[PDB]
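First come two forms of one protein chain, each written alone as structure tokens, so that there is a structure 1 and a structure 2.
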Structure 1
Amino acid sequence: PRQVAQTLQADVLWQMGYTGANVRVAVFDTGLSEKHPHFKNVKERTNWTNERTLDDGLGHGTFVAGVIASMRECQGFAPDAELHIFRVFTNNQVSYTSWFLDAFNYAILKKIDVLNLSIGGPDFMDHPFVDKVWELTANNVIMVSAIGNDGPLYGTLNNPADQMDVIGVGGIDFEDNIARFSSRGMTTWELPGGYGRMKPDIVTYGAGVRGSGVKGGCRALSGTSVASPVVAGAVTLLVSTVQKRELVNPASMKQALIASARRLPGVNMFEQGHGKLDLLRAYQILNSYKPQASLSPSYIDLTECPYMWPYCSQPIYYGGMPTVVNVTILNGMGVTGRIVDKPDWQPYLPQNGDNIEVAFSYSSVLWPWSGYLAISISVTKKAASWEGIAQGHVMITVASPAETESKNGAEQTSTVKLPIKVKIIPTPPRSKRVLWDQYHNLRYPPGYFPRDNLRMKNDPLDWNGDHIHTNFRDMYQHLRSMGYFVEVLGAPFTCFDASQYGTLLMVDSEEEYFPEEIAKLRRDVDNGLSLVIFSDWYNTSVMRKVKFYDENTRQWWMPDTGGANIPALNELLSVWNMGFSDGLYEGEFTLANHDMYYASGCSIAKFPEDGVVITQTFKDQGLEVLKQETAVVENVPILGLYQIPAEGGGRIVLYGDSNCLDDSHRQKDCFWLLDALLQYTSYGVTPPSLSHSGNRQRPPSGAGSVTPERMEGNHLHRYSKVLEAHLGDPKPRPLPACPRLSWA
């Protein structure tokens, strides 16, 4: 049978005399048995759960520990490791932050070296937890955690594996293909304004690895929570190999793995990070290591891929939105670091470097052992009609306090290059350019925002970020295949030039709208800009039913808003006499010989008469949720086209469901419809499919329809970027200034 330890050639390190001696490893899992036959040097077992037992009822803490330090049957990486078992999970894998906070302090008290956290949570706004991890990593604890098991959807990462100072581990299979369950994508703390860092850090085997059983023997399990302890074993084994233990800190340990990984062919860096773990090569890097700063990723190449996706999906051109790469800094010289001066952009004039301007933002102090360097790339005017490659490098300098051996007391220093390579093309025509609205998205963790498809009981939150690179990745790829250049809007509507973009695409928006934004948007549309609005469900009655008890905080949670903030869109859409209803609809249907599925979307309450409205029959999902009764509604207006009467005006397309372009649980894809609607908005061509259809009906006039209203006492203002926290009848803040960059 398989042996994961031997597959990574850990026995080659065993023959050299390294077996994990004196390494204090803490396993935060469901506990361990009292006299398990597979383990030596289990120095302590403690219980931080409300259950009164230290034994492993589920056997997950036993499997995890055995993968790290088992000596019998299915062997472990570090047999001689000094195991510390802290039971923080119940037999059904429930946990609370207060348990973690108390346990984390004890790990600091016991001066642990390697800590493994196999089970993570989507929440990263839990400041008490996030601060403790920083305090823990500041005390020289190497933390390893799984990125999650919610793949192949993007934007499905878990905390604290998504922190800069933690090693986030993914899962591959024994054929080196990425495991379907492994979480993927960029982090989403930085949205909408910024961009997410690259995760996972590295991947390892997480499919059918064999580990210890509760009483004995060995058994198979799959997951990234299986892949995480494989790295914790390798990390524990590597820490024992180092002759000079002082060199080992969270930054240096992570640098070793990063630089020794092997790149999976045909996979991008937001699925595999730097590649698959290589235990032997990592040992060599530590054997010849010197305290230094490094960057993850080590270089920028928006041209050669699939490794560098999405940056290779479309080139840059003059007038396009800035390209941002949030690069992580790991400082192995100290817990506290500093960036000596402004980073230096050095274009290669022989290779058209001057056609690029690069801007920088960075951390005031690098702490703990890490920080960030966000680089913004834009094309200058001279290249507006040029096609080719632009190249150069960036230099940064990191400084940290004097090392102990240095009696001089001088600051440590490290200098790092960052090559940059970009493909520039002439600015495309407006008709081919699509702007993507990200600013008006609201998401969990910060607050409770309900799911989009109410049949998906298993996932009650909207937490994937709603990004063209996370859960709209398949929509994004199809548009590129059709020739459309999609760009993201991370700032209010008052911060983009409408004349550059032919279509503005708002999909499933939750945020309120500034009055200044509405006025600005109206003028832009009157000047030839197009609006495409894909919405989702909203109902004050259904929201009060979707209420559920949040066990992790011990408190009832009410929906801050519905699928989409219909009242906010209506305040925007009033300037053209358009609006949405608060109905619920689901069901299958056909348009132009294409099967379609309506997930939970709303309907068009009001529309101008001159427009084209196609209507369909659906089941009333609102009645089911409220009263579990069944009904069918004929002639529901779900799609509406319109052309602004003013000469050279824009177009407004309305569609009531956001789920046919979302990857979360897609049943059928409506990309054929998006293509037809972009053809109409980008060229005014009304397709025969949506004009000769027998589903056409007179546009609704809105007579007698009750307008959707904001829920009474809803706490959306606590998390909105637009609204002041007035605790009642919230009002928009002053319009914030548009972001600006200091180009080098």
Structure 2
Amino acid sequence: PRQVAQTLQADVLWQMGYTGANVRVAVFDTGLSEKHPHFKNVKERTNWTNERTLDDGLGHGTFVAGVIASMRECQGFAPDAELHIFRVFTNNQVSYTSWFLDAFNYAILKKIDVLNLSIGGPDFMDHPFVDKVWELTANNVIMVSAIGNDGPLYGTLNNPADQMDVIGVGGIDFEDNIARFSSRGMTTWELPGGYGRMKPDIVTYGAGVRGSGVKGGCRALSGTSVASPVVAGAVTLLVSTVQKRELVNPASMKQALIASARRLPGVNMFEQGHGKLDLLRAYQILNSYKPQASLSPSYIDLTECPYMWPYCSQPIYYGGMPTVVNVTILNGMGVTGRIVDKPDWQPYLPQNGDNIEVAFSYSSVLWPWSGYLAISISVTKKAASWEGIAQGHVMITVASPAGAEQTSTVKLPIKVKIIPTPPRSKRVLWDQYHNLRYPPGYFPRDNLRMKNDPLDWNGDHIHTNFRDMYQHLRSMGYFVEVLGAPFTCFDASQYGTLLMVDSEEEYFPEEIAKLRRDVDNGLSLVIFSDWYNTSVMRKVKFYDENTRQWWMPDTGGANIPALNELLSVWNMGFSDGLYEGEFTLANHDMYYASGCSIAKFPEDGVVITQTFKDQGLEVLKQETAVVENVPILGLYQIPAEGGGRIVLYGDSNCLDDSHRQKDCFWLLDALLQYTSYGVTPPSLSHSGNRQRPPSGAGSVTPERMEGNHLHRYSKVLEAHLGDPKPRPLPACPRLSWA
């Protein structure tokens, strides 16, 4: 049978006397048995749950500990590792963040070198937890964490594996293929204004790996909760191999794993990281390593890929939104660093490297053991018609305390592709600014049937849970840039269409006025709405165990009252009735997951309506009812000459990737064609499902649920708690190109 440790040539390092000796490993899991025979060096087991037992009822903590440090019948990487067992989950995999805080305090107290966290969470706004993790890494704790078992959907990264100071470990099968369960995508802390970093850091074997059984023997498990312990054991063995232990810090260890990693062919860097763990090359790199700074990715090649997806899925032109690469600076010279000067952007005149201007944003202090360097790359005015590879290198001098500063000068190659600006139509502005989501507040699932996932938490970015939709658009020719700022902060003459999908945010009055001016000037709007209903919202309240609190939705599927405030300037509106069911449009199947209807639409709209199920009645009184002629989609061209277009659709799940049933990528393509070219889509204007556009007369308009708390998580509304009002319009972000 398979031996995970042997397959990664852990034996070749066992022959050298390096077996994880004098390396402290902590396992944050469901616990371990008292006298498990697969371990010789389990120092202590601690229970931080409310269940009165240190033992492992599920067998997960035992398997993790075995993979890391098993000696019998299925060996771990570091048999001589000092195992520390932290039972912070119950038999059902339930853990309170306060228990995590206490356990992490304990871990820092014990000075553990490697910490495996196989089960994370989507709540990266759990500020006590994230502060604790930063505190942990700052204290010289190499934290290996599983990126999560919520793949292959992008935007599914789990905290703390998504932190710059934590080794995120994804899962491959023993054939070196990324495991289906393995989480993917960029970090989403930085949305909407920013861009996400590169995760996972590395990917190792996490499917079918044999590990210790609860009482003995071995059994096969799967998940990044399995890949994470493999990397943790490999890191423990590597720590034992290095001669100078002072050279071993989270940054140096991460850098050894990053440089020695074997790049998987055909896998983008946001699925694999730098590659699969290579233990022997990692040993060699640690052997030759000296304290230095480095960059993840270490080069910015918007051409070389699939490794550099999404950065190669489109080239950069003039007038495009700045291309932001969040480069993780790994500084092995000290826990705190400092960028010495404004990084020196040295272009290459010989090969046309001066067609790029690179602005730099970055940490004032590089901490803990790392930091960020957001490089905003923008073409110049001269290159607005110049195709080609612009090449330069960004020289970053990271300095760290000693007396002389530990100057590490790092070259960041920047090899970007450049093209002339596309027409208005090809450029699509995806609205990220008006998206609200979990972690912060309870924004319910866009599909009420999906009881398993009751939160909208996958970022809703074109590279996170709309990755399939974005890839579809790229294959369709659309260049999809992201609006991370209010409507007032983008040149509407650049874009033919603005795509607002499952928007939960409010709107500034200045935002509404500017958007109306944009629409009159030629900007188009594609508003993929989602369900809203005060009664369904009240019935869909759920008990969050993490907080031990009864959560009510802050808004429905989409902020239908706010969207109606925005749309009132065009006489349009949305209803509050829940509707659902399979249907068809222009010979294409569909699925209305959980959406609202168009309560109010002007007379000249090219509307389409069909029959669905009154899912609101199902939610409230568990009854059944089919609703005749529920308008779900509406088209409207503004009469003003050179005016925009507005498409209204009631559900957002046909584009999301979370739990897709059917596909409307065809319909979104048609709607973008409508909003960017004017030609009417026959799939809806010659459809037999047309009808008189509604009027909203007599139908009570949806209202914000009494006592809602959306203002607590709104960039637009102040947390006034009494008649909340929009904040003053914020100043548009600006960059000083270097």
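We call the rigid core whatever largest set of C-alpha positions still superposes within 1.5 Å between the two forms. For numbering, take structure 1's sequence and count from 1.
**Q** Superposing on the rigid core, is the Cα displacement of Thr707 between the two structures 2 Å or more?
**A** No.
**Q** Please state whether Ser689 has a C-alpha shift of 2 Å or more between the two structures, with the rigid core used for the fit.
**A** After core superposition, the C-alpha of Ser689 moves 2 Å or more between the two structures.
**Q** So with the rigid core superposed, the C-alpha of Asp662 shifts by how many Å between the two structures?
**A** With the cores aligned, its C-alpha sits 1.2 Å away.
**Q** If I align on the rigid core, how far apart are the two C-alpha positions of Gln679 between the two structures? Answer in Å.
**A** Its C-alpha shift, to one decimal, is 2.3 Å.
**Q** Can you give the C-alpha shift of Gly233 between the two structures in Å, rounded to one decimal, after superposing the rigid core?
**A** Here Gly233 registers a C-alpha shift of 0.5 Å.
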